[PDB]
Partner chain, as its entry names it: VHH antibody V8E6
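Next up: just one chain, as C-alpha cells, the form solved without its partner chain.
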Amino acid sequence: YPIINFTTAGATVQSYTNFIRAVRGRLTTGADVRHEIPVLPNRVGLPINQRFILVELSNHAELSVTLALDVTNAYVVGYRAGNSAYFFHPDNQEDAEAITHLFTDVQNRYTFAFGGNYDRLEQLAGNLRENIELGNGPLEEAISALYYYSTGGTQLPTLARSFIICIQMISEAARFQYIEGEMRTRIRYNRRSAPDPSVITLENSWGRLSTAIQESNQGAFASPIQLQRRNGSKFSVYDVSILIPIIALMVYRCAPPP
C-alpha cells in the first residue's frame, strides 16, 4: 500500500500543505468528480490491494507511527508502532477481513473492543473535540502517546485524545480545504487551539453534504443543510457552489446521473 510521510519536526505551512495534497492524491483516482468535487472510490467492487493508504508520522522526538486510512472514507482504521498494531473495532465482517491485510508483518496485532467514532473517543478521552487543542504541538505530543501505548506509558484517555488529534489534522483536513486551512494557520503562528464551531459542524456534516451534493438537481439541494460559522452563527447551504472552496473530497453515496 502507498505511504505518505509527514513530520511535526520543523513543520511549516508548506510542508503541511504538501502532505495533505499528497494524501488526497492517494485517496482519489480522478475517475469520479461531481461539480468539480472529487469523490472517493466506491467500496463496492474495490480490490483489496487498492483499499488502504498509509500515513507515516514522525516527530521531533525521533519517534514514528503509521496510521492506516480506508480510501473509501478517509477513515483512520488503526495504526502501527514498532512491533505492535492496533485497530478500531470493525463495523462489519467485510471490514474485519480487510484489515487483516494491513501490517501483516507486525509481531502483535490487537483489535480494540471499541469503535473509532468521535462519540466513543470523546467518552474515553473524557473531553469533547471543542475542548481538545489542535496544532503542531498537539500532533507532536499525540505521536509520542500512540508510540508508547504498548509499553503502558500511555493511559487510555490520553490515547483517545491523541487519536482525536490525528484524525482531525489528517483525515478531516484531507476532506475539507477549510479545515486544512485552519491547521495551516495554527502551524504558521505555532499557536494551539481547539476547533471552533465551523470546524466541528463541517466534520459532523461530511456524510450529509456528500449525499446532498450527489443527489442534488444540477447542484441545487432539495433541502438546505445548516452549518455554523466560527462565531457560532447559523449558515444555510442551498447549493454545491458555496462548498467548492470548502470540501475537498466526498464519500461515494450514489451513482452520478447521466
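Numbering follows the first chain given and starts at 1.
As for the form deposited with its partner chain bound, it is not shown, yet the points below apply to it.
Enquirer: With the partner left out here, check for me: in the deposited complex, does some heavy atom of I4 sit within 4.5 Å of its partner chain?
Expert: Although its partner chain is absent here, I4 would stay clear of it in the deposited complex, with no heavy atoms inside 4.5 Å.
Enquirer: Examine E203 and determine whether its closest non-hydrogen atom to its partner chain in the deposited complex is within 4.5 angstroms.
Expert: Yes, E203 is a contact residue.
Enquirer: Look up in the deposited complex whether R80 has a non-hydrogen atom within 4.5 angstroms of its partner chain, and give yes or no.
Expert: Flag for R80 set to no.
Enquirer: Should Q228 be counted as a contact of its partner chain in the deposited complex, where contact means heavy atoms within 4.5 Å?
Expert: Heavy-atom contact with its partner chain at 4.5 Å: present for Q228.
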